[PDB]
Amino acid sequence: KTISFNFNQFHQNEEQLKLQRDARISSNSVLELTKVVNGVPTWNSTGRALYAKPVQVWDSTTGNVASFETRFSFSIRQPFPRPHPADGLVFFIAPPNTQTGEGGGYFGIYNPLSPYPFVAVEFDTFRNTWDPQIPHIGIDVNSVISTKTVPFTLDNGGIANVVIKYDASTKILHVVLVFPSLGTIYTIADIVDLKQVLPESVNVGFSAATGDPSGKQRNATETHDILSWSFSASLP
Amino acid sequence: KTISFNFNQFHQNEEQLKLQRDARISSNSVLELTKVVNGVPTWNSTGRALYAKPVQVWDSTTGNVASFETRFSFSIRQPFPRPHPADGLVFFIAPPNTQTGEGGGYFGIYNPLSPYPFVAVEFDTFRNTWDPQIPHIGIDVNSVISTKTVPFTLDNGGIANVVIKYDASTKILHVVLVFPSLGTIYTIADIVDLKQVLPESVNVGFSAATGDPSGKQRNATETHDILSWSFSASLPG
Ligand SMILES: *[C@@H]1O[C@H](CO)[C@@H](O[C@@H]2O[C@H](CO)[C@@H](O)[C@H](O)[C@H]2NC(C)=O)[C@H](O[C@@H]2O[C@@H](C)[C@@H](O)[C@@H](O)[C@@H]2O)[C@H]1NC(C)=O
Ligand SMILES: *[C@@H]1O[C@H](CO)[C@@H](O[C@@H]2O[C@H](CO)[C@@H](O)[C@H](O)[C@H]2NC(C)=O)[C@H](O[C@@H]2O[C@@H](C)[C@@H](O)[C@@H](O)[C@@H]2O)[C@H]1NC(C)=O
Ligand SMILES: *[C@@H]1O[C@H](CO)[C@@H](O[C@@H]2O[C@H](CO)[C@@H](O)[C@H](O)[C@H]2NC(C)=O)[C@H](O[C@@H]2O[C@@H](C)[C@@H](O)[C@@H](O)[C@@H]2O)[C@H]1NC(C)=O
Ligand SMILES: *[C@@H]1O[C@H](CO)[C@@H](O[C@@H]2O[C@H](CO)[C@@H](O)[C@H](O)[C@H]2NC(C)=O)[C@H](O[C@@H]2O[C@@H](C)[C@@H](O)[C@@H](O)[C@@H]2O)[C@H]1NC(C)=O
Ligand SMILES: CC(=O)N[C@H]1[C@@H](O[C@H]2[C@@H](O)[C@@H](CO)O[C@@H](O[C@H]3[C@H](O)[C@@H](O)[C@@H](O)O[C@@H]3CO)[C@@H]2O)O[C@H](CO)[C@H](O)[C@@H]1O
Ligand SMILES: CC(=O)N[C@H]1[C@@H](O[C@H]2[C@@H](O)[C@@H](CO)O[C@@H](O[C@H]3[C@H](O)[C@@H](O)[C@@H](O)O[C@@H]3CO)[C@@H]2O)O[C@H](CO)[C@H](O)[C@@H]1O
Ligand SMILES: [Ca+2]
Ligand SMILES: [Ca+2]
Ligand SMILES: [Mn+2]
Ligand SMILES: [Mn+2]
């Protein structure tokens with residue numbers, strides 16, 4: 001059982017995507033997770049984008065878990081250096097039919113009033129009380145308090161290539177971050193048992209958020225654009 | 001305890017390096033693991049390069065294992081597409097004071113006569129009876145029959161950037177291969193317990209080999225050059 005999709009660019013009204021909150025597809029084909037007005041990113045923004053169809057990560061009959069690989073390119077432009085950009089974007093896996101969670105440092109995937117399980121890879125740009133120096137890549141399981149973290153230097157407004165790979169036989173989730181214009185490479189990996197934290201069917205996608213009003217800073221913002229995205233999963 | 005070294009280039013007669021067999025440092029400073037005469041790679045070649053000083057990967061007293069990260073760039077030029085280039089290069093970890101093993105598909109690290117333990121990451125270009133489609137990255141533990149492998153497409157004569165990282169806490173060995181001119185990225189990882197396969201002190205380095213004469217093909221060859229190399233390791237306590 002193999003499922004896969006590829007997006008070289010994005011089209012307005014793409015029927016295979018489910019856009020939520022502020023997420024929208026620009027005219028020149030980029031998926032803008034968070035709000036940008038007249039070329040300027042705004043604060044108090046949150047948006048998600050999910051693949052329209054659910055994917056099966058494991059089968060309770062056979063007990064088998066899927067292996068998958070997804071690659072995407074994103075760009076984060078931070079026009080206002082002072083006082084601090086926020087908040088970041090993530091790639092996540094969650095039960096189907098979920099609603100956008102809290103914004104800010106919760107990236108829009110965590111909902112305290114009614115938490116749902118999730119596995120996510122974050123590209124965190126704002127340092128909350130629970131965070132190590134930013135920016136950093138982090139692996140999150142049911143919480144934004146990462147199990148593993150690695151710092152990285154952002155290519156402001158540049159293109160970033162990401163590769164996320166999960167091997168069921170070893171339970172290893174490894175992600176690679178590359179900034180071609182700088183030639184830098186960042187790698188992080190950890191063990192995660194999907195069967196143990198997620199249901200048989202899930203949704204995959206992205207979620208991002210800009211500065212929360214509580215911070216009283218309109219400069220706490222940046223863009224969170226997704227340029228392309230391909231996904232592939234295999235359940236034996 | 002933290003050890004590390006960085007070679008942004010290679011000098012003739014590198015005091016910090018121990019060259020074996022065909023390995024040699026060119027005039028323009030690249031480390032040529034296998035023989036190349038007048039700009040042409042030859043068959044029947046094998047060479048290794050080890051960091052002169054041994055490194056401690058684990059301590060029997062504390063039971064602690066080290067974490068490490070190594071980055072290097074290499075280039076493999078395949079002048080003769082037919083009938084098949086060979087054999088590939090590897091980065092390996094082995095007990096100190098070992099001798100070059102068999103060439104060919106054994107890369108010069110495996111010795112059937114008297115086998116010694118080793119952990120290696122291979123960049124295999126010839127398909128032996130025990131191999132999947134080539135080229136591929138492979139993780140080898142005491143054998144060239146990889147535990148895990150992933151295929152990749154070579155940038156002939158181009159530059160390749162490699163990042164190998166080992167985290168003791170999870171026992172995860174993850175390697176990343178990138179070809180900047182093509183923008184391609186390959187990743188592979190697996191679990192390896194160093195403490196369980198290697199001695200407390202080891203040697204780290206590279207080894208490569210070209211077509212073995214038994215194949216009766218002088219075209220079974222290619223270059224195996226290392227452009228730069230940095231290593232780092234933290235053994236807490
Ligand atoms: C942050 O964004 C939210 C969503 O865009 C704002 O809430 C929505 O604001 C609309 C415009 O005023 C209003 O029609 C909607 O009812 C409201 N949604 C609800 C029910 O929460 C949120 O705050 C609102 O908008 C600002 C401009 C003020 O007018 C507030 O009084 C509203 O509640 C935004 N945060 C702020 C206060 O900037
Ligand atoms: C929010 O971003 C603004 C634009 O980046 C900051 O203003 C800019 O501050 C620069 C100083 O580093 C100055 O050269 C620019 O001309 C100015 N641009 C504009 C259009 O405002 C702003 O900084 C605050 O406001 C400015 C006017 C000064 O009073 C600064 O001392 C203030 O810090 C940023 N606000 C914050 C909270 O940092
Ligand atoms: C493959 O490379 C070998 C080097 O590791 C060659 O070994 C030969 O070893 C001899 C013993 O010391 C030495 O005199 C020779 O110079 C050297 N090769 C030559 C001729 O330069 C091996 O050469 C073949 O095998 C040896 C034992 C002799 O019979 C040579 O005449 C053969 O050419 C190389 N094999 C091939 C097929 O080229
Ligand atoms: C070993 O590599 C050689 C160089 O690529 C091959 O020879 C070259 O083959 C080309 C077409 O395949 C031909 O246009 C070139 O002129 C020729 N170059 C030379 C110097 O020979 C060689 O291919 C075969 O063997 C050679 C000797 C010729 O007879 C070719 O016509 C053959 O295809 C490669 N060896 C093999 C067996 O593939
Ligand atoms: C959880 C979350 O969404 N957090 C937001 C938030 O972050 C906090 C920080 O900005 C922090 C730094 O001073 O300030 C907090 O709020 C202030 C508050 O405004 C004051 O009245 C007083 O209570 O002090 C606290 C801090 O101690 C913010 O909640 O905002 C930033 C944007 O600037 C990010 O969006 C975080 O994700
Ligand atoms: C063991 C080793 O290092 N392998 C070399 C070797 O690989 C074999 C293949 O090239 C294979 C292709 O036909 O041929 C083998 O040898 C022949 C032998 O010469 C014949 O007489 C007959 O017995 O069949 C066998 C194989 O069936 C080679 O051992 O050579 C290649 C060079 O192209 C590589 O260097 C491998 O690493
Ligand atoms: Ca954060
Ligand atoms: Ca091989
Ligand atoms: Mn974080
Ligand atoms: Mn192999």
# chains A, B, ... in the order shown; residues from 1 in each chain; ligands from 1
>>> residues_around(residues="residue 140 (chain B)", least_positions_apart="5", cutoff="6 Å", atoms="only C-alpha atoms", output="ChimeraX atom specification")
/B:119-120,146
>>> residues_near_ligand(ligand="ligand 6", cutoff="9 Å", atoms="only C-alpha atoms and all ligand atoms", output="ChimeraX atom specification")
/B:43-44,83-87,102-107,126-129,209-221
>>> residues_around(residues="residue 178 (chain A)", least_positions_apart="5", cutoff="8 Å", atoms="only C-alpha atoms", output="ChimeraX atom specification")
/A:160-162,183-186
>>> interface_residues(of="chain B", to="chain A", cutoff="12 Å", atoms="only C-alpha atoms", output="number ranges by chain")
B: 69, 71, 147-150, 160-192
>>> residues_near_ligand(ligand="ligand 9", cutoff="9 Å", atoms="only C-alpha atoms and all ligand atoms", output="count of residues only")
24
>>> select_by_dssp(residues="region 20-102 of chain B", states="strand (DSSP E or B)", output="PyMOL selection string")
chain B and resi 20-21+24-25+31-32+36-37+40-41+46-51+55-56+58+65+67-75+87-94
>>> write_last_selection(atoms="C-alpha atoms", output="JSON list (two decimals), in the first residue's frame")
[["chain", "number", "residue", "atom", "x", "y", "z"],
["B", 20, "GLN", "CA", 48.66, 3.15, 2.98],
["B", 21, "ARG", "CA", 48.99, 1.34, -0.36],
["B", 24, "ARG", "CA", 48.77, 9.69, -2.23],
["B", 25, "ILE", "CA", 48.41, 13.47, -1.92],
["B", 31, "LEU", "CA", 43.88, 13.19, -1.23],
["B", 32, "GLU", "CA", 43.76, 10.57, -3.97],
["B", 36, "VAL", "CA", 45.64, 8.01, -11.10],
["B", 37, "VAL", "CA", 48.40, 8.25, -13.71],
["B", 40, "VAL", "CA", 43.69, 8.68, -15.78],
["B", 41, "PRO", "CA", 42.46, 6.34, -13.02],
["B", 46, "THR", "CA", 43.60, 0.19, -3.33],
["B", 47, "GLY", "CA", 44.49, 2.86, -0.80],
["B", 48, "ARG", "CA", 43.65, 4.09, 2.69],
["B", 49, "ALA", "CA", 44.17, 7.19, 4.78],
["B", 50, "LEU", "CA", 43.95, 7.13, 8.58],
["B", 51, "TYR", "CA", 44.16, 9.95, 11.09],
["B", 55, "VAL", "CA", 40.55, 8.24, 19.19],
["B", 56, "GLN", "CA", 38.60, 6.93, 22.19],
["B", 58, "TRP", "CA", 34.10, 4.60, 24.68],
["B", 65, "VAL", "CA", 30.17, 6.05, 24.69],
["B", 67, "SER", "CA", 29.14, 11.07, 20.20],
["B", 68, "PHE", "CA", 30.80, 12.39, 17.07],
["B", 69, "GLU", "CA", 30.34, 14.35, 13.89],
["B", 70, "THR", "CA", 32.47, 14.30, 10.77],
["B", 71, "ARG", "CA", 32.11, 16.22, 7.52],
["B", 72, "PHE", "CA", 34.07, 15.80, 4.32],
["B", 73, "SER", "CA", 33.87, 16.40, 0.62],
["B", 74, "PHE", "CA", 34.81, 13.95, -2.06],
["B", 75, "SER", "CA", 34.73, 13.64, -5.82],
["B", 87, "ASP", "CA", 34.42, 0.04, -6.71],
["B", 88, "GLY", "CA", 33.78, 2.94, -4.37],
["B", 89, "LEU", "CA", 35.04, 4.57, -1.20],
["B", 90, "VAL", "CA", 34.21, 4.41, 2.47],
["B", 91, "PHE", "CA", 34.70, 6.22, 5.74],
["B", 92, "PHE", "CA", 35.48, 3.68, 8.44],
["B", 93, "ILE", "CA", 36.28, 3.11, 12.09],
["B", 94, "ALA", "CA", 38.48, 0.19, 13.07]]
>>> closest_residue(among="A:92, A:68, A:80, A:74", to="residue 220 (chain A)", atoms="only C-alpha atoms")
A:80
>>> residues_around(residues="residue 49 (chain A)", least_positions_apart="5", cutoff="9 Å", atoms="only C-alpha atoms", output="number ranges by chain")
A: 17-20, 23-24, 31, 33, 204-207
>>> write_last_selection(atoms="N, CA, C and O atoms", output="compact mmCIF listing (two decimals), in the first residue's frame")
# COMPACT_ATOMS: atom_id res chain seq x y z
N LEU A 17 -5.68 20.17 -1.34
CA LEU A 17 -5.28 20.81 -0.10
C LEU A 17 -6.48 21.33 0.65
O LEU A 17 -7.51 21.69 0.08
N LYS A 18 -6.34 21.35 1.97
CA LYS A 18 -7.40 21.84 2.85
C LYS A 18 -6.74 22.99 3.59
O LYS A 18 -5.91 22.76 4.44
N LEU A 19 -7.07 24.21 3.22
CA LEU A 19 -6.51 25.40 3.85
C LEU A 19 -7.35 25.82 5.05
O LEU A 19 -8.57 25.80 4.99
N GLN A 20 -6.69 26.21 6.15
CA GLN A 20 -7.40 26.63 7.35
C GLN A 20 -6.88 27.96 7.86
O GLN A 20 -5.71 28.27 7.71
N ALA A 23 -4.20 30.69 6.12
CA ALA A 23 -3.45 30.13 5.02
C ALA A 23 -4.09 30.41 3.67
O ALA A 23 -5.30 30.27 3.50
N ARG A 24 -3.27 30.82 2.72
CA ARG A 24 -3.73 31.08 1.37
C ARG A 24 -2.63 30.92 0.31
O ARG A 24 -1.43 31.02 0.60
N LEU A 31 2.52 28.85 -1.25
CA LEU A 31 1.58 28.63 -0.15
C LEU A 31 2.01 29.49 1.03
O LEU A 31 3.02 29.21 1.67
N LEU A 33 1.41 30.35 4.58
CA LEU A 33 0.75 29.87 5.78
C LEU A 33 0.22 31.00 6.61
O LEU A 33 -0.91 30.93 7.10
N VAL A 204 -1.63 14.93 7.11
CA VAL A 204 -0.27 15.48 7.11
C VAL A 204 -0.34 16.88 6.55
O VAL A 204 -1.17 17.17 5.70
N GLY A 205 0.52 17.76 7.02
CA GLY A 205 0.51 19.11 6.51
C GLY A 205 1.45 20.05 7.22
O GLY A 205 2.39 19.62 7.90
N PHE A 206 1.18 21.34 7.08
CA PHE A 206 2.00 22.36 7.69
C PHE A 206 1.14 23.29 8.53
O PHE A 206 -0.08 23.37 8.36
N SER A 207 1.79 24.03 9.42
CA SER A 207 1.10 24.99 10.27
C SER A 207 2.14 25.99 10.69
O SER A 207 3.30 25.61 10.93
>>> atom_distance(atom1="atom 33 (O, counted along the ligand's line) of ligand 5", atom2="CA of residue 214 (chain A)")
7.1 Å
>>> residues_near_ligand(ligand="ligand 2", cutoff="10 Å", atoms="only C-alpha atoms and all ligand atoms", output="list in words")
residues 78, 79, 80, 81, 82, 83, 84, 216, 217, 218, 219, 220 and 221 of chain A
>>> decode(residues="region 136-150 of chain B", atoms="N, CA and C atoms", output="PDB file, in the first residue's frame")
ATOM      1  N   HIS B 136      24.967   3.360  -4.312  1.00  0.00           N
ATOM      2  CA  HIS B 136      24.155   3.441  -3.115  1.00  0.00           C
ATOM      3  C   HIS B 136      25.020   3.764  -1.912  1.00  0.00           C
ATOM      4  N   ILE B 137      24.390   4.304  -0.872  1.00  0.00           N
ATOM      5  CA  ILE B 137      25.084   4.596   0.370  1.00  0.00           C
ATOM      6  C   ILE B 137      24.747   3.371   1.186  1.00  0.00           C
ATOM      7  N   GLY B 138      25.667   2.938   2.023  1.00  0.00           N
ATOM      8  CA  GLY B 138      25.383   1.781   2.833  1.00  0.00           C
ATOM      9  C   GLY B 138      26.051   1.872   4.177  1.00  0.00           C
ATOM     10  N   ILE B 139      25.422   1.282   5.182  1.00  0.00           N
ATOM     11  CA  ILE B 139      25.998   1.265   6.504  1.00  0.00           C
ATOM     12  C   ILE B 139      26.498  -0.150   6.734  1.00  0.00           C
ATOM     13  N   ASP B 140      27.790  -0.285   7.010  1.00  0.00           N
ATOM     14  CA  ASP B 140      28.399  -1.579   7.203  1.00  0.00           C
ATOM     15  C   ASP B 140      28.921  -1.811   8.605  1.00  0.00           C
ATOM     16  N   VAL B 141      28.593  -2.965   9.172  1.00  0.00           N
ATOM     17  CA  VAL B 141      29.076  -3.330  10.493  1.00  0.00           C
ATOM     18  C   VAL B 141      29.748  -4.694  10.356  1.00  0.00           C
ATOM     19  N   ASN B 142      31.080  -4.722  10.438  1.00  0.00           N
ATOM     20  CA  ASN B 142      31.870  -5.950  10.320  1.00  0.00           C
ATOM     21  C   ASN B 142      31.684  -6.700   9.018  1.00  0.00           C
ATOM     22  N   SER B 143      31.120  -6.046   8.016  1.00  0.00           N
ATOM     23  CA  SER B 143      30.917  -6.703   6.741  1.00  0.00           C
ATOM     24  C   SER B 143      30.487  -5.708   5.668  1.00  0.00           C
ATOM     25  N   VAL B 144      30.728  -6.026   4.404  1.00  0.00           N
ATOM     26  CA  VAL B 144      30.303  -5.130   3.350  1.00  0.00           C
ATOM     27  C   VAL B 144      28.884  -5.472   2.877  1.00  0.00           C
ATOM     28  N   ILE B 145      28.208  -6.322   3.637  1.00  0.00           N
ATOM     29  CA  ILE B 145      26.826  -6.650   3.337  1.00  0.00           C
ATOM     30  C   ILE B 145      26.064  -5.699   4.262  1.00  0.00           C
ATOM     31  N   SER B 146      25.816  -4.501   3.754  1.00  0.00           N
ATOM     32  CA  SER B 146      25.164  -3.443   4.509  1.00  0.00           C
ATOM     33  C   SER B 146      23.889  -3.803   5.273  1.00  0.00           C
ATOM     34  N   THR B 147      23.706  -3.156   6.421  1.00  0.00           N
ATOM     35  CA  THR B 147      22.528  -3.345   7.242  1.00  0.00           C
ATOM     36  C   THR B 147      21.398  -2.530   6.614  1.00  0.00           C
ATOM     37  N   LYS B 148      21.747  -1.362   6.090  1.00  0.00           N
ATOM     38  CA  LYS B 148      20.782  -0.479   5.470  1.00  0.00           C
ATOM     39  C   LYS B 148      21.431   0.139   4.243  1.00  0.00           C
ATOM     40  N   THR B 149      20.645   0.425   3.207  1.00  0.00           N
ATOM     41  CA  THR B 149      21.176   1.082   2.015  1.00  0.00           C
ATOM     42  C   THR B 149      20.148   1.973   1.355  1.00  0.00           C
ATOM     43  N   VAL B 150      20.631   2.975   0.639  1.00  0.00           N
ATOM     44  CA  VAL B 150      19.766   3.878  -0.097  1.00  0.00           C
ATOM     45  C   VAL B 150      20.501   4.232  -1.373  1.00  0.00           C
TER      46      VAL B 150
END
